[PDB]
Each structure stands twice: as C-alpha cells, then as structure tokens.
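Derivation of every value follows stated rules applied to the coordinates shown; laboratory data play no part. Note: ideal-geometry Cβ built from the backbone for every residue, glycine included; neighbour counts use all protein chains shown.
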Amino acid sequence: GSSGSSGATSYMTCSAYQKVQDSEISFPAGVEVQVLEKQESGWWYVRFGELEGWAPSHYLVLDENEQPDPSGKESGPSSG
C-alpha cells in the first residue's frame, strides 16, 4: 500500500460537544472526526473539517470488543 499518515484514528461523534476554549471546537451529533493527539487526562485533539479542537474521549465512540457471555462452562477450575 502506502504509509503516509501520523498514525491516527477516526472516531464517530454521538453527542454534541461544546468547546470551552477558543482552541477547542464544537461538533454536531452524527459526524466523523480524526484524533490527531491524545492526552493522558481523556481529552484528545480531534479535527473537524478545517478546525481542530480538544474533545473528551467520552463523547467519542471507541470500537471496543464487547462479548457478554453467560460464562457457562460445563465445569470450573478443577484441581481445587
């Protein structure tokens, strides 16, 4: 292929976020954004079109694995 990116991940906004600082940017609920940077506090730098603001990973949807299994096993941890 062609490696030409700074290793980023695009997320989907599910909740309208409101910018608190002139730097941050507010986006509607139902759009896509690119996470440029990531803070250890939870605020990631996203880009919406021609603007870039720091939005909380809480408003952004993450593609995590969810497998709610009943944990039904014929047997348990034997030898105990």
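One residue stands out among those in segment 53-80 that are loosely packed, with under 11 Cβ neighbours inside 10 Å and of a type in the set (S, T, N, Q): the one that is nearest to residue 9 (Cα to Cα), which is 65. For segment 16-36, the set of residues classified as in a loop (DSSP other than H, G, I, E, B) and loosely packed, with under 15 Cβ neighbours inside 10 Å consists of 16, 18, 19, 20, 21, 22, 23, 26, 28, 29, 30, 31, listed by residue number.
Residue count for segment 3-13, restricted to those that are surrounded by fewer than 12 Cβ atoms within 10 Å (Cβ to Cβ) and in a loop (DSSP other than H, G, I, E, B): 5.
Which one is surrounded by the most Cβ atoms within 10 Å (Cβ to Cβ), of the residues in segment 37-52 that are more than 12 Å from residue 10 (Cα to Cα) and over 11 Å from the mean Cα position of the chain (by Cα)? Step by step, filter segment 37-52, then rank; the result is 52.
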